[PDB]
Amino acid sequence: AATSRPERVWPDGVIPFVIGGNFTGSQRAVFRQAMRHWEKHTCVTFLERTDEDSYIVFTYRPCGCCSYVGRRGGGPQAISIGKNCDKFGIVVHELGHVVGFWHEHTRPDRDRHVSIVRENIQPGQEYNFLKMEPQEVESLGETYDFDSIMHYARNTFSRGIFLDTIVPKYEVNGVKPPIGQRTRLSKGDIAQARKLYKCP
């Protein structure tokens, strides 16, 4: 679910950043590691902000809302992190938003790959399962990626941990594909981000 909007692609793949107050040393170390993980597998690079107009700010905030997707432009933008959502893999996902990705399950073609089980969604959290409009996404010829760091888990916003809100439709390698990994950028994520940023 890469943005279709070229103004949201950070020019030259260089993203200035600031780390705000109220984090521990350890949380700040994880931020740098997550930024470096992006740097290792793509041409995207994070740079400590000096005088740039547009830049990201790591802000202490309760988990959930919101990390701006892609470059806002004309000023600072938030990448929001809190106590329960600050592990390496979560921050990598959040930087996925920064660089221009929405959630994989909101791809316009998602109904060919997953079922949404509405009845299992926590009340008032249904908006998290809305498809993006076709005009807002350009997937760049890349197939729907179950292993994506941007893909929800089977029971994300579920009323109970044993109930699925998202179910993949078909078996891949003879078994239903696992979703919701927060370990690393997937092969699919790397391929897609390289196209988005026109990496060499």
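The term rigid core refers to the maximal set of C-alpha atoms that superpose within 1.5 Å between the two forms. Start at 1 with the first residue shown and count on from there.
* Asked: in 7 other deposited structures of this protein, superposed on the rigid core, which stretch sits farther off in Cα RMS terms, 106 to 114 or 74 to 82?
  -> Result of the core-fitted comparison in 7 other deposited structures of this protein: 74 to 82 deviates more.
* Determine, for 91 to 99 and 120 to 128, which one has C-alphas that on average lie farther from this form in 7 other deposited structures of this protein; superpose on the rigid core first. => Comparing 120 to 128 with 91 to 99, the one that moves more in 7 other deposited structures of this protein is 120 to 128.
* Comparing 187 to 195 with 174 to 182, where is the mean C-alpha B-factor higher? -> Higher mean C-alpha B-factor in the PDB entry: 174 to 182.
* **Higher-scoring stretch by recorded Cα B factor average, 165 to 173 or 143 to 151** => Per the PDB record, 165 to 173.
* Compare the C-alpha B factor of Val137 with those of the other modelled residues in its chain, then answer lowest, middle or highest third. => Middle third.
* Asked: Lowest, middle or highest third: where is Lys83 by C-alpha B factor in its chain?
  -> Its C-alpha B-factor, which the entry lists for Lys83, ranks in the highest third among residues of this chain.
* If you rank every modelled residue in this chain by C-alpha B factor, which third holds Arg61: lowest, middle or highest? -> For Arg61, whose C-alpha B-factor we compare with every modelled residue in the chain, the answer is the highest third.
* Asked: In terms of the CA temperature factor given in the entry, to which third of its chain does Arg110 belong: lowest, middle or highest?
  -> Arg110: CA B-factor falls in the middle third of its chain.
* Tell me, lowest, middle or highest third: where does the Cα B factor of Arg159 rank within its chain? => Tercile = highest for this residue's CA B-factor.
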